[PDB]
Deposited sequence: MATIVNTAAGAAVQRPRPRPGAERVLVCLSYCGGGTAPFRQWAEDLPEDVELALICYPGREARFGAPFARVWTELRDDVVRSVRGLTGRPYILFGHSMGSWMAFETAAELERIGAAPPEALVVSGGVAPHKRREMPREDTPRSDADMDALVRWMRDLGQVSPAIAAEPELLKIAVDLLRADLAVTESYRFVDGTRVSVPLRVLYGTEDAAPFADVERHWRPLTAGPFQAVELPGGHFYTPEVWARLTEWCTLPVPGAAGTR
């Protein structure tokens, strides 16, 4: 598998927190989490192909291709206890990565933490997520309104064109995903979702619940798709907290 990024390696750690990014996203929004983590947890950031250190690799073109790239990277980590976290599309990717690790016989995560995403079988107004081949302005508007591009980047076409090409690649991958009815994990599952995001929290909580046979907890957090700056900065506290009922 491709190399996992570890901004603060911890050979002493007992467990690994593996983080998966959103559509058009890299490892950047998670790197600050390396400052806050208990020493028994190592931060491992998955970089999807085509961005950041992997800027020179071809984009994945379909969902299972991206999933299997993630699985090949995560599988070597699974000899130690690990937690799978993902945000927005990365929440669906974390769920499918957990399900595939289970299917292939790898050890399961200690917990799966899904953030900022509706349940995958309940895939949202069509106009509120633009198509991979929609007009560029529609893609930039969506990024801006979700907080995924800064004002400084949107102010400069030359930088924006890049961010947009990356988003188009990931939107095409996400459009090819279809949830398979009956897919379920057995691990503890924590759902994080923000009061001011697109879906009502009550629906996010209700529809993720059947996707695990294990312990379940849902936490309504302040703010929108990235919560509030203070909550985002502290989000690993929700990744390392045991799910009530887990071992």
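- No C-alpha positions are given in the record for the deposited-sequence stretches 1-9, 133-134, 259-261.
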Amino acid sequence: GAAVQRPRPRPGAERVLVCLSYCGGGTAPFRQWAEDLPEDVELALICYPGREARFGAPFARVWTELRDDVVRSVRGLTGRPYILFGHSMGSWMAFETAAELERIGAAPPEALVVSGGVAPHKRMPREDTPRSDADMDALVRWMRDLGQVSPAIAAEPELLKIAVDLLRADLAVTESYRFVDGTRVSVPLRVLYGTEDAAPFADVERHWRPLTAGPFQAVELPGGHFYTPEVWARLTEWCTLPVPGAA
From here on, numbers count along this sequence of modelled residues.
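- When the two stretches 180-188 and 23-31 are set side by side, the higher mean Cα temperature factor goes to 180-188.
- Relative to its counterpart among 109-117 and 151-159, 151-159 has the higher mean temperature factor, C-alpha atoms as listed in the PDB entry.
- Highest CA B-factor among the listed residues (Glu175, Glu102, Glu96, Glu127): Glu127.
- Among the modelled residues of the chain, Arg10 sits in the highest third by CA temperature factor in this PDB entry.
- Ranked by C-alpha B-factor against the other modelled residues of its chain, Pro222 falls in the lowest third.
- In this PDB entry, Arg141 carries a Cα temperature factor that places it within the middle third of its chain's modelled residues.
- When the CA B factors of the chain's modelled residues are split into thirds, the value for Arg54 lands in the highest one.
- Among the modelled residues of its chain, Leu37 has a C-alpha B-factor that falls in the highest third according to the deposited record.
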